[PDB]
């Protein structure tokens, strides 16, 4: 029973949840969400194993080299992580929503390296229950190629201070399932690869005003043999590649937006969980409250059976 370390750490992610629309906003709360300590207890009591925390480090750094992080902000992230670990959740912190890196990777890649030099340094003595994730959803000008060039440089820096901490490596092109074969891996034993699933996109993002063009509402997802096979076909592809490259998978985001009808969301969400499970992917639902939310902040109650769809109990 010599098992791969990466793979055992990936099992610890289990069924997770994203803490969305909070620290990846310009300023925390400016989008409608502010992380409250109680959130993590609430998440733990419902049965989730882990929480994934989007953080826009790039909005809280110095204009001049080496791009030091505003201490208040780093103190704030340290608080939030402490509170999540206090509640026995495995905790993933990333870099998220670095607009400039998407536009000019050659220039801003070195800012991400720096950012992570400081984050790896501050978190170096944290228990192994805290995982890092270099960057969320490379895309646009941060091509598969540049990502394959950038992420190892950041990895190298993190590894100076955190020699074995799990680092999660996102698939490029928005982490879409089909870009898995474009990711070039490194000889590191403590890495996990992550994709995000939102197909059919015209279903999961119906009515999303932030998509251009914005998509029509009233699009169903009905659990039909042909519908389940689309997803199974997608995942089996990710699984075959992960197996040949000896790497574990974390489905870092999946969710359907609240403008889709509830029945389809409950069905779609359940199916993705189930298929993610069958292929031994860990998973994390997007997101806790807000527009794809499982948890209703007004009533202080989970939304059901959707939450069961996402969690499986």
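Positions refer to the first chain, counted from 1.
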Per the entry, where is the mean C-alpha temperature factor higher: 47-55 or 253-261? 253-261
Return whichever of 134-142 and 206-214 has the greater mean Cα B factor according to the PDB record. 206-214
Out of 226, 108, 197, 147, which residue has the highest Cα temperature factor in the PDB record? 226
Given 65, 268, 31, 286, the residue at which the Cα B factor reaches its maximum: 65
Cα B factor band for residue 163 (lowest, middle or highest third within the chain): middle
Sorting the chain's CA B-factors, does residue 183 end up in the lowest, middle or highest third? highest
Which third of the chain holds residue 22 when residues are ordered by C-alpha B factor: lowest, middle or highest? lowest
If you rank every modelled residue in this chain by C-alpha B factor, which third holds residue 151: lowest, middle or highest? lowest
Based on the entry's values, in what third of the chain does the Cα temperature factor of residue 243 lie: lowest, middle or highest? highest
